[PDB]
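Data from data_1.csv: CSV, N, CA and C atoms
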```csv
chain,number,residue,atom,x,y,z
A,106,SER,N,114.2,98.9,91.2
A,106,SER,CA,113.0,98.3,91.7
A,106,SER,C,112.1,98.0,90.6
A,107,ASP,N,112.6,98.0,89.4
A,107,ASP,CA,111.9,97.7,88.2
A,107,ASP,C,112.0,96.2,87.9
A,108,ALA,N,113.1,95.6,88.3
A,108,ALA,CA,113.3,94.2,88.1
A,108,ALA,C,112.3,93.4,88.9
A,109,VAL,N,112.1,93.8,90.1
A,109,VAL,CA,111.1,93.1,91.0
A,109,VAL,C,109.7,93.3,90.4
A,110,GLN,N,109.4,94.5,89.9
A,110,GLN,CA,108.1,94.8,89.3
A,110,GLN,C,107.8,93.9,88.2
A,111,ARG,N,108.9,93.4,87.5
A,111,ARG,CA,108.7,92.5,86.4
A,111,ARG,C,108.0,91.2,86.9
A,112,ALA,N,108.2,90.9,88.2
A,112,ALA,CA,107.6,89.8,88.8
A,112,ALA,C,106.0,89.9,88.7
A,113,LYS,N,105.5,90.9,89.3
A,113,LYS,CA,104.1,91.1,89.3
A,113,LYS,C,103.7,91.7,87.9
A,114,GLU,N,104.6,92.3,87.2
A,114,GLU,CA,104.4,92.9,85.9
A,114,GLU,C,103.6,91.9,85.1
A,115,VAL,N,103.8,90.6,85.2
A,115,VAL,CA,103.1,89.6,84.5
A,115,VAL,C,101.6,89.7,84.8
A,116,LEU,N,101.3,90.1,86.0
A,116,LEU,CA,99.9,90.3,86.4
A,116,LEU,C,99.3,91.5,85.6
A,117,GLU,N,100.1,92.4,85.3
A,117,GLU,CA,99.7,93.6,84.5
A,117,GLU,C,99.1,93.1,83.2
A,118,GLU,N,99.6,92.1,82.6
A,118,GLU,CA,99.2,91.6,81.4
A,118,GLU,C,98.0,90.6,81.6
A,119,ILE,N,98.0,90.0,82.7
A,119,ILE,CA,96.9,89.1,83.1
A,119,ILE,C,95.6,89.9,83.3
A,120,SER,N,95.8,91.2,83.4
A,120,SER,CA,94.6,92.1,83.6
A,120,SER,C,93.6,91.9,82.5
A,121,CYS,N,94.1,91.5,81.3
A,121,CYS,CA,93.3,91.3,80.2
A,121,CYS,C,92.9,89.9,80.1
A,122,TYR,N,93.8,89.0,80.5
A,122,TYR,CA,93.6,87.6,80.5
A,122,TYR,C,92.8,87.1,81.7
A,123,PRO,N,91.6,86.6,81.5
A,123,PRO,CA,90.8,86.2,82.6
A,123,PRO,C,91.3,84.8,83.2
A,124,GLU,N,92.1,84.9,84.2
A,124,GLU,CA,92.7,83.7,84.9
A,124,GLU,C,92.1,83.5,86.2
A,125,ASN,N,92.5,82.5,86.9
A,125,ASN,CA,92.0,82.1,88.2
A,125,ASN,C,92.4,83.3,89.2
A,126,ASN,N,91.3,83.9,89.7
A,126,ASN,CA,91.5,85.0,90.6
A,126,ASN,C,92.4,84.6,91.7
A,127,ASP,N,92.4,83.3,92.0
A,127,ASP,CA,93.3,82.8,93.1
A,127,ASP,C,94.7,82.7,92.6
A,128,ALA,N,94.9,82.2,91.4
A,128,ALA,CA,96.2,82.1,90.8
A,128,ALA,C,96.8,83.5,90.7
A,129,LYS,N,96.1,84.4,90.0
A,129,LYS,CA,96.5,85.7,89.8
A,129,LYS,C,96.8,86.4,91.2
A,130,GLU,N,96.0,85.9,92.1
A,130,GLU,CA,96.1,86.5,93.5
A,130,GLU,C,97.4,86.0,94.1
A,131,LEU,N,97.9,84.8,93.7
A,131,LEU,CA,99.1,84.2,94.2
A,131,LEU,C,100.3,85.2,93.9
A,132,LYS,N,100.3,85.7,92.7
A,132,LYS,CA,101.3,86.6,92.3
A,132,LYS,C,101.2,87.9,93.0
A,133,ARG,N,100.0,88.3,93.3
A,133,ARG,CA,99.7,89.5,94.1
A,133,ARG,C,100.1,89.4,95.5
A,134,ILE,N,99.6,88.3,96.1
A,134,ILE,CA,99.9,88.0,97.5
A,134,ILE,C,101.5,87.8,97.7
A,135,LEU,N,102.1,87.5,96.6
A,135,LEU,CA,103.5,87.3,96.6
A,135,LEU,C,104.3,88.6,96.9
A,136,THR,N,103.5,89.7,96.9
A,136,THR,CA,104.0,91.0,97.2
A,136,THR,C,103.6,91.5,98.6
A,137,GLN,N,104.3,91.0,99.6
A,137,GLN,CA,104.1,91.4,100.9
A,137,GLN,C,105.2,92.3,101.5
A,138,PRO,N,105.0,92.7,102.8
A,138,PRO,CA,106.0,93.5,103.4
A,138,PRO,C,107.2,92.7,103.8
A,139,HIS,N,107.2,91.4,103.5
A,139,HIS,CA,108.3,90.5,103.8
A,139,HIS,C,109.1,90.3,102.6
A,140,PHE,N,108.4,89.8,101.6
A,140,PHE,CA,109.1,89.5,100.3
A,140,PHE,C,109.3,90.8,99.5
A,141,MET,N,108.3,91.3,99.0
A,141,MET,CA,108.4,92.5,98.2
A,141,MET,C,109.2,93.6,98.9
A,142,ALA,N,109.2,93.5,100.2
A,142,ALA,CA,109.9,94.4,101.1
A,142,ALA,C,111.4,94.1,101.0
A,143,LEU,N,111.7,92.8,100.8
A,143,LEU,CA,113.1,92.3,100.8
A,143,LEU,C,113.6,92.7,99.4
A,144,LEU,N,112.8,92.6,98.4
A,144,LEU,CA,113.1,92.9,97.0
A,144,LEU,C,113.6,94.3,96.9
A,145,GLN,N,112.9,95.2,97.6
A,145,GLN,CA,113.3,96.6,97.6
A,145,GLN,C,114.5,96.9,98.5
A,146,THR,N,114.8,95.9,99.3
A,146,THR,CA,115.9,96.0,100.2
A,146,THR,C,117.2,95.3,99.6
A,147,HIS,N,116.9,94.6,98.5
A,147,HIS,CA,118.0,93.9,97.8
A,147,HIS,C,118.2,94.6,96.5
A,148,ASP,N,117.2,95.1,95.9
A,148,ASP,CA,117.2,95.8,94.6
A,148,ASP,C,118.0,97.0,94.8
A,149,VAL,N,118.2,97.4,96.0
A,149,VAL,CA,119.0,98.7,96.3
A,149,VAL,C,120.4,98.5,95.7
A,150,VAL,N,121.0,97.4,96.0
A,150,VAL,CA,122.4,97.1,95.5
A,150,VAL,C,122.3,96.7,94.1
A,151,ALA,N,121.3,95.9,93.8
A,151,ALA,CA,121.1,95.4,92.4
A,151,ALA,C,121.1,96.5,91.4
A,152,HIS,N,120.4,97.6,91.9
A,152,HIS,CA,120.3,98.8,91.0
A,152,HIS,C,121.6,99.6,91.1
A,153,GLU,N,122.3,99.4,92.2
A,153,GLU,CA,123.6,100.1,92.4
A,153,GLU,C,124.7,99.4,91.7
A,154,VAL,N,124.5,98.1,91.5
A,154,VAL,CA,125.4,97.2,90.8
A,154,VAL,C,125.9,97.9,89.5
A,155,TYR,N,124.9,98.7,88.9
A,155,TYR,CA,125.2,99.4,87.7
A,155,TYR,C,125.1,100.9,87.9
A,156,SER,N,125.6,101.3,89.1
A,156,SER,CA,125.5,102.7,89.4
A,156,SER,C,125.8,103.6,88.1
A,157,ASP,N,124.9,104.4,87.8
A,157,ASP,CA,125.1,105.3,86.6
A,157,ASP,C,126.4,106.0,86.7
A,158,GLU,N,127.3,105.6,85.7
A,158,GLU,CA,128.6,106.2,85.7
A,158,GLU,C,128.5,107.7,85.6
A,159,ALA,N,127.3,108.2,85.3
A,159,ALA,CA,127.1,109.6,85.1
A,159,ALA,C,127.3,110.3,86.5
B,1,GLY,N,105.6,74.5,109.3
B,1,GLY,CA,106.1,75.1,110.5
B,1,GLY,C,106.8,76.5,110.1
B,2,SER,N,106.6,76.8,108.8
B,2,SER,CA,107.1,78.1,108.4
B,2,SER,C,106.1,78.9,107.6
B,3,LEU,N,106.4,80.1,107.2
B,3,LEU,CA,105.5,80.9,106.5
B,3,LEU,C,105.0,80.2,105.2
B,4,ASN,N,103.7,80.4,105.0
B,4,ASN,CA,103.1,79.7,103.9
B,4,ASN,C,103.5,80.5,102.6
B,5,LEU,N,103.8,81.8,102.8
B,5,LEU,CA,104.2,82.6,101.6
B,5,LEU,C,105.4,81.9,101.0
B,6,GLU,N,106.4,81.5,101.8
B,6,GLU,CA,107.6,80.9,101.4
B,6,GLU,C,107.3,79.6,100.6
B,7,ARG,N,106.4,78.8,101.2
B,7,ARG,CA,106.0,77.6,100.6
B,7,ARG,C,105.2,77.8,99.3
B,8,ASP,N,104.4,78.8,99.4
B,8,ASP,CA,103.6,79.2,98.2
B,8,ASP,C,104.5,79.8,97.1
B,9,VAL,N,105.6,80.2,97.5
B,9,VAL,CA,106.6,80.8,96.6
B,9,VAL,C,106.9,79.8,95.5
B,10,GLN,N,106.9,78.5,95.9
B,10,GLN,CA,107.2,77.5,94.9
B,10,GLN,C,105.9,77.0,94.3
B,11,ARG,N,104.8,76.9,95.1
B,11,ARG,CA,103.5,76.5,94.6
B,11,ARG,C,102.9,77.5,93.6
B,12,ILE,N,103.5,78.7,93.7
B,12,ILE,CA,103.0,79.9,92.9
B,12,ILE,C,103.5,79.6,91.5
B,13,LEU,N,104.6,79.0,91.3
B,13,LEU,CA,105.2,78.7,90.0
B,13,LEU,C,104.3,77.8,89.3
B,14,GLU,N,103.4,77.1,90.1
B,14,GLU,CA,102.5,76.1,89.5
B,14,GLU,C,101.3,76.8,89.0
B,15,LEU,N,100.7,77.7,89.8
B,15,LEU,CA,99.5,78.5,89.4
B,15,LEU,C,99.9,79.3,88.2
B,16,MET,N,101.1,80.0,88.2
B,16,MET,CA,101.5,80.8,87.1
B,16,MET,C,101.6,80.0,85.8
B,17,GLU,N,102.1,78.9,85.9
B,17,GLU,CA,102.3,78.0,84.7
B,17,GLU,C,100.9,77.5,84.3
B,18,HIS,N,99.9,77.6,85.2
B,18,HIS,CA,98.6,77.1,84.9
B,18,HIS,C,97.8,78.3,84.2
B,19,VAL,N,98.0,79.5,84.7
B,19,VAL,CA,97.3,80.6,84.2
B,19,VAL,C,97.9,81.0,82.8
B,20,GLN,N,99.2,80.7,82.7
B,20,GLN,CA,100.0,81.0,81.5
B,20,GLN,C,99.5,80.0,80.4
B,21,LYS,N,98.6,79.1,80.7
B,21,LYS,CA,98.1,78.1,79.8
B,21,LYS,C,97.0,78.8,79.0
B,22,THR,N,96.8,80.1,79.1
B,22,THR,CA,95.8,80.8,78.4
B,22,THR,C,96.4,81.4,77.1
B,23,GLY,N,97.7,81.5,77.1
B,23,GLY,CA,98.4,82.0,75.9
B,23,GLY,C,98.5,83.6,76.0
B,24,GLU,N,97.4,84.2,76.3
B,24,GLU,CA,97.3,85.6,76.4
B,24,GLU,C,98.0,86.1,77.7
B,25,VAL,N,99.3,85.8,77.8
B,25,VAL,CA,100.0,86.2,79.0
B,25,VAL,C,101.5,86.0,78.8
B,26,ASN,N,101.9,86.4,77.6
B,26,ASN,CA,103.3,86.2,77.3
B,26,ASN,C,104.1,85.6,78.5
B,27,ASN,N,104.5,84.3,78.3
B,27,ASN,CA,105.2,83.6,79.3
B,27,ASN,C,106.5,84.3,79.6
B,28,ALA,N,106.9,85.2,78.7
B,28,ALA,CA,108.1,86.0,78.9
B,28,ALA,C,108.1,86.6,80.3
B,29,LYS,N,107.0,87.4,80.6
B,29,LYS,CA,106.9,88.0,81.9
B,29,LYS,C,106.6,87.0,82.9
B,30,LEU,N,105.7,86.1,82.6
B,30,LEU,CA,105.3,85.0,83.6
B,30,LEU,C,106.6,84.3,84.0
B,31,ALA,N,107.4,83.9,83.0
B,31,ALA,CA,108.7,83.2,83.3
B,31,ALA,C,109.6,84.2,84.1
B,32,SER,N,109.6,85.4,83.7
B,32,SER,CA,110.5,86.4,84.4
B,32,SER,C,110.2,86.4,85.9
B,33,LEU,N,108.9,86.2,86.2
B,33,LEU,CA,108.5,86.2,87.6
B,33,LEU,C,109.1,85.0,88.3
B,34,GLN,N,109.3,83.9,87.5
B,34,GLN,CA,109.9,82.7,88.1
B,34,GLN,C,111.4,82.9,88.4
B,35,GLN,N,112.0,83.7,87.5
B,35,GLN,CA,113.4,84.0,87.7
B,35,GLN,C,113.6,84.7,89.1
B,36,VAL,N,112.6,85.5,89.4
B,36,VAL,CA,112.7,86.3,90.7
B,36,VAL,C,112.1,85.4,91.8
B,37,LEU,N,111.1,84.7,91.5
B,37,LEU,CA,110.4,83.8,92.5
B,37,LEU,C,111.4,82.7,92.8
B,38,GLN,N,112.1,82.2,91.8
B,38,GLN,CA,113.0,81.1,92.0
B,38,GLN,C,114.4,81.6,92.3
B,39,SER,N,114.5,82.9,92.4
B,39,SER,CA,115.8,83.6,92.7
B,39,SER,C,116.3,83.1,94.0
B,40,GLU,N,117.6,83.0,94.1
B,40,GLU,CA,118.3,82.5,95.3
B,40,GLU,C,118.4,83.6,96.3
B,41,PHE,N,118.6,84.9,95.8
B,41,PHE,CA,118.7,86.0,96.6
B,41,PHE,C,117.5,86.1,97.6
B,42,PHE,N,116.4,85.6,97.1
B,42,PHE,CA,115.2,85.6,98.0
B,42,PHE,C,115.4,84.9,99.3
B,43,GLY,N,116.0,83.7,99.2
B,43,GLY,CA,116.3,82.9,100.4
B,43,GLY,C,117.6,83.5,101.1
B,44,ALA,N,118.5,84.0,100.3
B,44,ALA,CA,119.7,84.5,100.9
B,44,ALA,C,119.4,85.8,101.7
B,45,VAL,N,118.5,86.6,101.2
B,45,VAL,CA,118.1,87.8,101.8
B,45,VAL,C,117.0,87.4,102.9
B,46,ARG,N,116.1,86.5,102.5
B,46,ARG,CA,115.1,86.1,103.5
B,46,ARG,C,115.7,85.6,104.8
B,47,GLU,N,116.9,85.0,104.6
B,47,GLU,CA,117.7,84.5,105.8
B,47,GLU,C,118.0,85.6,106.7
B,48,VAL,N,118.4,86.7,106.2
B,48,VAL,CA,118.8,87.9,107.0
B,48,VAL,C,117.5,88.4,107.7
B,49,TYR,N,116.5,88.5,106.9
B,49,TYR,CA,115.2,89.1,107.4
B,49,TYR,C,114.8,88.3,108.7
B,50,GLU,N,114.9,87.0,108.6
B,50,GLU,CA,114.5,86.2,109.8
B,50,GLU,C,115.5,86.4,110.9
B,51,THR,N,116.8,86.6,110.6
B,51,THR,CA,117.8,86.8,111.5
B,51,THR,C,117.6,88.1,112.3
B,52,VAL,N,117.3,89.1,111.6
B,52,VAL,CA,117.0,90.4,112.2
B,52,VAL,C,115.7,90.4,113.0
B,53,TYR,N,114.7,89.7,112.4
B,53,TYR,CA,113.5,89.5,113.0
B,53,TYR,C,113.5,88.5,114.1
```
Can you dump the structure from the file as structure tokens?
Amino acid sequence: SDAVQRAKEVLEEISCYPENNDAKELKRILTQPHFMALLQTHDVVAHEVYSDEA
Amino acid sequence: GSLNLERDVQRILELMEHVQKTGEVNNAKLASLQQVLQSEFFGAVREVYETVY
């Protein structure tokens, strides 16, 4: 679920960079119970793809 | 006729590239967001979501 975070992660850096509250909001709004929810529903396997051999 | 979020999913790549015009936003991460935003899995998975819904 870190791969998906990388998406909004960019916003984390934008926290310093004063950008369009709307634009920055686009990346934020991009995280809904539909999309961001799907990412967590797909990242499950994505993360499992490399199941810790441990 | 569909969710705006999906439509904005593409238009977002525009705003991102616009805000990234500040320099102080390593396009590395910004671009990384595009890889996920432009990810095919989004539509592939999104398809199931709609199916289930």
**OP:** Identify every residue of chain B that has at least one atom within 6 Å of any atom of chain A, counting all atoms listed in the file, and report the result as a ChimeraX atom specification.
**Re:** /B:12,15-16,19,24-25,29-30,32-33
Original post:
atom CA of residue B:14 to atom N of residue B:40: how many Å, to one decimal?
Top reply: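 Answer for the atom CA of residue B:14 to atom N of residue B:40 separation: 17.2 Å.
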Subject >> atom C of residue B:38 to atom CA of residue B:10, straight-line distance in Å >> reply: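 Atom-to-atom, atom CA of residue B:10 to atom C of residue B:38, that is 8.7 Å.
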Subject >> Atom-to-atom span, atom N of residue B:51 and atom C of residue A:150, Å >> reply: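 Atom-to-atom, atom N of residue B:51 and atom C of residue A:150 are spaced 20.1 Å apart.
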